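Asks: What follows is a structure written as structure tokens; I'll ask about it next.
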Amino acid sequence: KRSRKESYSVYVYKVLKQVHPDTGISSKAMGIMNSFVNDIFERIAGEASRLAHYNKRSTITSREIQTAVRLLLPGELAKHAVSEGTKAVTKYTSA
Amino acid sequence: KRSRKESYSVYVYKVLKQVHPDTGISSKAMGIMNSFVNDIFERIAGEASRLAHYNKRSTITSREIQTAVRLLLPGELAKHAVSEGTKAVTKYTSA
Amino acid sequence: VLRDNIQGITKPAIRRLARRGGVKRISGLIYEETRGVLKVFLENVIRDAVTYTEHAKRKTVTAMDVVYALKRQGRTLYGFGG
Amino acid sequence: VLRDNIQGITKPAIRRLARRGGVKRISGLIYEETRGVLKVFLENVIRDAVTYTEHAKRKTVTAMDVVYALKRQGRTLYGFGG
Amino acid sequence: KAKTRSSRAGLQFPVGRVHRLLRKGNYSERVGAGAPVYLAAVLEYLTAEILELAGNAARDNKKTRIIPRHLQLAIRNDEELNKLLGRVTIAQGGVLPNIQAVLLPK
Amino acid sequence: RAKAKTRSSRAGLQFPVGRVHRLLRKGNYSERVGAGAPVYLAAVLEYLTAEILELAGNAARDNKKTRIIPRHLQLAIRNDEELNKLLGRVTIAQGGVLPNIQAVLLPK
Amino acid sequence: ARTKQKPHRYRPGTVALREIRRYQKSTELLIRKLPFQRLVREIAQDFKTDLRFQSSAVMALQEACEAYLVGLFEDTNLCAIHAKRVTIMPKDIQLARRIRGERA
Amino acid sequence: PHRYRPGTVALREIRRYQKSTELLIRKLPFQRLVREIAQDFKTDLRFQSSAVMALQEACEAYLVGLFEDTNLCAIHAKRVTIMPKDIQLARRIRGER
């Protein structure tokens, strides 16, 4: 089949290898994680698009993403996720 | 000067004067009706866009609207609404 | 400041809310429970309303912020704009 | 043309499903109820799956159609593609 | 000499405005020619349905003007609309008169 | 032309910023997409996956195994509070359930 | 085949049913505006200080709150009848909220 | 002979079937039932294997959750046996009926 099916297997495996060095993962578990990543991605993206439509904007920015993360995740998760996102962006722009 | 607020008041009033030719309507009731129309519009449009995405199409046609109506409305509402939409499309393209 | 105010939701008001729900006899300890659940619901909604408001860089909480915060929890509300 | 086929959900299978739910004693009339509710749930999901399938102009029901029909009812399912 | 599209289709709801809302709403890259016509037709149908039920509810209450209480009665007394608007709160609509059987005196 | 450095390596991430950018573009979310939106979203996704994977790996090692199976993901999700609230309406294939028996069903 | 083709006192419980009918006929709001407004302001203040509210915002909040509580009381009444009672007790509220999924 | 008192084997089964992850309904009867149900929306339908597997998974999850809620409504009324009115109450509160 000519068509290719991009997935998140290799990135999830990199994350796993830095988190738990000597633990494998099954194929069914990898499919679970793939579905999880896609689900959370589309949740955040939909909320960002909504709250950009409300404010008569056209661009999806870091601010829209940060507000969507604050609206979707519970307390401690949202706090840590915001920390990670801002750290990444400030490291990026100063590169 | 402050901008104009488009709404559905006049068309709802036309439909009302068609079904009940001698009953008025309040203003809070008209607000409820505007909110109802907007909510149902958003629901159908979102479903149609999801459908067009799933099938790798880049166009919303009357077929997508019809399938979204079939998915969203319950029971006989679906039958009658499909009849109305089909009749209107047929009359529009016959001219 | 603005402290206390949860006892401002008096017992007759809760009895009225129960009568509209069809309740015929009410216990003695349900007023505490109702105050607790009302406080929880209100915090959960107001957090999101304030989030929307401060994203828009405003200081006034609009009614649209409230209807959005409600819609995002499956509690759609008709008749207040939108 | 398949017929009945609903008594194929035997009584031991329902007893197992209840034991996994933590039930210790089971009545005599819950098997009818469980068959009824399973049939209702299945019709509600299969209708939407078939709708998706026939919109795509296919004759085979894919697993993605099922996970979509499930997602559209607040029953998201991980591990089958998507 | 320029007819409207809703007049060409025989509707009361506007086809041009619905077309514009579909375009600028970020739903798809292109929008067909009959999508707004179909959508306006079904919107008008649902509007007329609920308005007729509410007008009957207003007449049997000895009134000549629809209020939110009548919309609530009309919606909650019909099965399909109660399925469609089951998770919706109508401002100042009240509830349905209903007392359980074991509460009534005997 | 200078030697290429990818965007993820600039942000210091393990998830693809370019692919996330392209998905945001092609997804019909807004007519324009900023520059830091994919970086932010990639960092958030990486954080969440690392959280779940750490929990599941601990649950597996506590079961004296080497590889993670969907049962371990279920046991990790349902045993946390915020993760369980984020995934409350999600069914995990072959995940099973959480063992608990009510206190009145027990003997005596 | 077929071919079928000495002061007057009401007994306890009467005024309750009279009130039930009276408040299921009406549509007003059952809480006073001022205490509810103060409660909303206190909560929002411990979220983010120096806030302001339109009037319609507090009205929307009051409507949503009352609708929520009325629905909760209906479910509580069913859960009370299920255990062969007439009095609603806190455990019925807890059961209804747990089954709805609001707590567990 | 050696007998177990009523309920002992029930607790054993509860632990055993909560420790496992396998499916609890047989595959062939469920497949026949799914095909018969779909026979009313369109004739001459084909199913993938994964489609029927997904349907079985979702159905079993739904029924297990319903039985948890039912057990709650049964313990509420000072009972141990679950009865059809318990199912009806759990489904009414949930909003299904």
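Chain A is numbered as in Swiss-Prot, which gives 31-125 for the residues shown.
Structure determined by electron microscopy, 3.9 Å.
Placement of Cβ uses the backbone N, Cα and C atoms for every residue, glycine included.
So Swiss-Prot lists these for the protein:
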CROSSLNK  A:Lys35  ubiquitin cross-link
CROSSLNK  A:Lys121  ubiquitin cross-link
CARBOHYD  A:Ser113  O-linked glycosylation site
MOD_RES   A:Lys35  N6-crotonyllysine
MOD_RES   A:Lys35  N6-(beta-hydroxybutyryl)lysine
MOD_RES   A:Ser37  phosphoserine
MOD_RES   A:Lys44  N6-lactoyllysine
MOD_RES   A:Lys44  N6-(2-hydroxyisobutyryl)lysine
MOD_RES   A:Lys47  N6-methyllysine
MOD_RES   A:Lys58  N6-(2-hydroxyisobutyryl)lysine
MOD_RES   A:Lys86  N6-(2-hydroxyisobutyryl)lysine
MOD_RES   A:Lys109  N6-glutaryllysine
MOD_RES   A:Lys109  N6-(2-hydroxyisobutyryl)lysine
MOD_RES   A:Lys117  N6-succinyllysine
MOD_RES   A:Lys121  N6-(beta-hydroxybutyryl)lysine
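What's the neighbourhood like for each of these?
Replies: In three-state terms derived from DSSP, A:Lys35 (ubiquitin cross-link) belongs to neither a helical nor a strand segment and is classed as coil.
A simple way to gauge crowding: the CB of A:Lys121 (ubiquitin cross-link) has 15 other CB atoms within 10 angstroms, across all the protein chains here.
Non-local neighbourhood of A:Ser113 (O-linked glycosylation site): empty, since no residue in the same chain at least six residues away has a C-beta under 8 Å from its C-beta. According to DSSP, A:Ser113 (O-linked glycosylation site) is assigned to a helical segment.
Close to A:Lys35 (ubiquitin cross-link) in the fold, though at least 6 residues off in sequence, lies no residue with a CB less than 8 Å from its CB.
Cβ neighbour count for A:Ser37 (phosphoserine) (all protein chains, 10 Å cutoff from its Cβ): 14.
Note on A:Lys44 (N6-lactoyllysine): other Cβ atoms within 10 Å of its Cβ, all shown chains, come to 14. In the three-state DSSP scheme, A:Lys44 (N6-lactoyllysine) falls into the helix class.
Long-range neighbours of A:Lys47 (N6-methyllysine) (same chain, six or more residues apart, CB within less than 8 Å of its CB): none.
There are 20 other CB atoms within 10 A of the CB of A:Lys58 (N6-(2-hydroxyisobutyryl)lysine), with all protein chains counted.
When other Cβ atoms within 10 Å of the Cβ of A:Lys86 (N6-(2-hydroxyisobutyryl)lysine) are tallied across all protein chains shown, the result is 6. A:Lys86 (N6-(2-hydroxyisobutyryl)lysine) falls outside any helix or strand according to DSSP and counts as coil.
Of all the Cβ atoms in the protein chains shown, 13 others lie within 10 Å of the Cβ of A:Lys109 (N6-glutaryllysine).
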Asks: Which one is it: of the modified residues A:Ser37, A:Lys44, A:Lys86, A:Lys109, A:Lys117, whose Cα lies the shortest distance from the Cα of A:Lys58 (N6-(2-hydroxyisobutyryl)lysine)?
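Replies: Closest recorded candidate to A:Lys58 (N6-(2-hydroxyisobutyryl)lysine) by Cα: A:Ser37.
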Asks: Would you mind checking how many other C-beta atoms are within 10 angstroms of the C-beta on A:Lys117 (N6-succinyllysine)?
Replies: 13
Asks: Tell me, by DSSP, whether A:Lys121 (ubiquitin cross-link) is helix, strand or coil?
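Replies: For A:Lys121 (ubiquitin cross-link) - judged by DSSP and reduced to three states - the answer is helix.
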Asks: Compare the Cα of A:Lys121 (ubiquitin cross-link) against each of the modified residues A:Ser37, A:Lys44, A:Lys86 and report the nearest.
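Replies: Sorting the modified residues by distance from A:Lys121 (ubiquitin cross-link), the top entry is A:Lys44.
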Asks: Can you give me the Cα-Cα distance between A:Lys44 (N6-lactoyllysine) and A:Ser37 (phosphoserine) in Å, rounded to a whole number?
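Replies: Just about 13 Å between their Cα atoms.
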Asks: Could you check which of the modified residues A:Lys86, A:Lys109, A:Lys117 is the closest Cα neighbour of A:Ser37 (phosphoserine)?
Replies: A:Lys117
